[PDB]
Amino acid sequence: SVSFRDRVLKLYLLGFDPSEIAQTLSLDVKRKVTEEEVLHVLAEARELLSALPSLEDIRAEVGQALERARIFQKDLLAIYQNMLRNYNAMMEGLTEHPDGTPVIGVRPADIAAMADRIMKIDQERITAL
């Protein structure tokens, strides 16, 4: 299989030796496998890993890193609004919101901490471009 070869490559990188990789795959698949069958799959995959990246592939990986950072920034921005909404409710002396959900106590430093980590994603994106 294709996923069988990936499972072998994963276990090798995760620290298992060919002997341990053969035992674990003998529980997954019915038919047992020898070390030469494992080592040849390694020999194929290891030469593919050693393929040096083109200059365009690094720029591709930079563009993906920025896009992944935008996704985290959107998740963190939604959390920042919840923290700030909770902070205003804490000062007003409310136990529940107008929505109905419970007010959770948030410290000023935690809001400013969350602000900095959202702003640092911008700075790193500017530095990357």
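Residue numbers run from 1 along the displayed sequence.
Of the two segments examined, 98 to 106 and 72 to 80, it is 98 to 106 that shows the higher average Cα temperature factor in the deposited entry.
Two stretches are in play, 61 to 69 and 41 to 49, and the higher mean C-alpha B-factor belongs to 41 to 49.
Among the modelled residues of its chain, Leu13 has a C-alpha B-factor that falls in the lowest third, as given in the PDB entry.
Among all modelled residues in its chain, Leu25 ranks in the highest third by Cα B-factor.
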